[PDB]
Amino acid sequence: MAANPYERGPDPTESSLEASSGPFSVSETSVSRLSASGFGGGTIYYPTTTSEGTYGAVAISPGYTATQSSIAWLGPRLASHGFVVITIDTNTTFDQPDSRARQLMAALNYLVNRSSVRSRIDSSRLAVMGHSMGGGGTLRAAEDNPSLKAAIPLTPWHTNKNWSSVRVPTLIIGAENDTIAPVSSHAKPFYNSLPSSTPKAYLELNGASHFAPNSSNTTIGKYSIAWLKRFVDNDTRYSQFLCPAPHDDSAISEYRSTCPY
Ligand code: NA
């Protein structure tokens with residue numbers, strides 16, 4: 001048995017992370033706007049099987065004026081690698097980033113305490129993600145809830161540029177050609193303000209617009225899965241994708257260098 005009790009699924013490959021679906025079959029259920037205390041309802045995607053143990057959970061927020069349909073593809077994509085995922089609607093489509101941060105935490109609270117799949121969730125291993133103003137909300141949730149295990153803002157938008165108190169592992173995904181939350185005034189200032197003692201990464205999508213996160217995207221899927229695995233599951237089998245090195249090769253037992261050059 002693997003030393004890490006949170007490892008789920010077979011050893012990962014680039015192929016298996018780029019594919020449309022991971023190793024786990026996915027089921028879905030929903031929570032109505034009325035039943036959802038403190039948020040606008042959502043769809044819950046979960047692995048049908050329970051025989052490998054409980055899973056971490058992830059809440060995902062859409063952006064300004066948007067609904068679940070703009071982030072829906074992330075549900076099956078991420079859940080099929082071993083996570084319980086809720087794609088939320090917000091109380092109103094005009095909610096600002098700090099309101100979305102509270103709604104992300106309210107959705108996690110619902111999943112852990114009241115949802116029909118709460119028994120397959122490890123309530124100590126939670127994460128937040130979001131698009132645009134939902135990505136701004138992701139940063140605020142990570143700042144205010146340091147017990148979160150991972151945060152992934154997608155083309156984030158926020159008027160606060162200083163995230164120097166974030167102590168949650170954070171992967172920021174920016175879109176090179178974003179004209180709505182330009183990376184020069186949003187994503188990059190956010191990344192630069194995060195502490196260097198916090199595990200972090202910035203991934204910029206070549207040629208991409210603000211709406212790249214709203215449809216199936218091999219790169220967003222690959223690195224979001226690797227980030228959630230590495231930090232929600234402590235799964236160091238995924239370090240090879242986040243921090244590649246020649247010694248990932250089976251023929252190479254060690255590799256040192258004075259890279260970059
Ligand atoms: Na509600």
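In each ligand, atom 1 is the first atom listed, and ligand 1 is the first ligand listed. Values reported hereafter were calculated over all heavy atoms of this structure, with side chains retained and with hydrogens, waters and symmetry mates removed. The first residue of the sequence shown is numbered 1, and numbering continues consecutively from there.
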- Task: Please check if the distance between the ring centroids of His210 and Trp157 is under 6.0 Å.
- Result: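 They do not qualify: ring centres at least 6.0 Å apart.
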
- What class does the angle between the rings of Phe190 and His186 fall in, given that below 30° is parallel, 30 to 60° is tilted and above 60° is perpendicular?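 Aromatic pair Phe190/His186 classed perpendicular.
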
According to a 4.5 Å side-chain heavy-atom criterion applied to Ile, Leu, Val, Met, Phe, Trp and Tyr, with indirect links allowed, do [X] and [Y] form part of one hydrophobic cluster?
X      : Y      : value
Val166 : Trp227 : no
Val168 : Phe231 : no
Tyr55  : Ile152 : no

- Counting only protein N/O/S, how many atoms fall short of 3.0 Å from the Na ion (ligand 1)?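 Count of protein N, O, S atoms less than 3.0 Å from the Na ion (ligand 1): 3.
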
- Assess the side chains of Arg114 and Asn109: does a donor N or O sit below 3.5 Å from an acceptor N or O?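 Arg114 vs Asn109: donor-acceptor pair found between side chains.
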
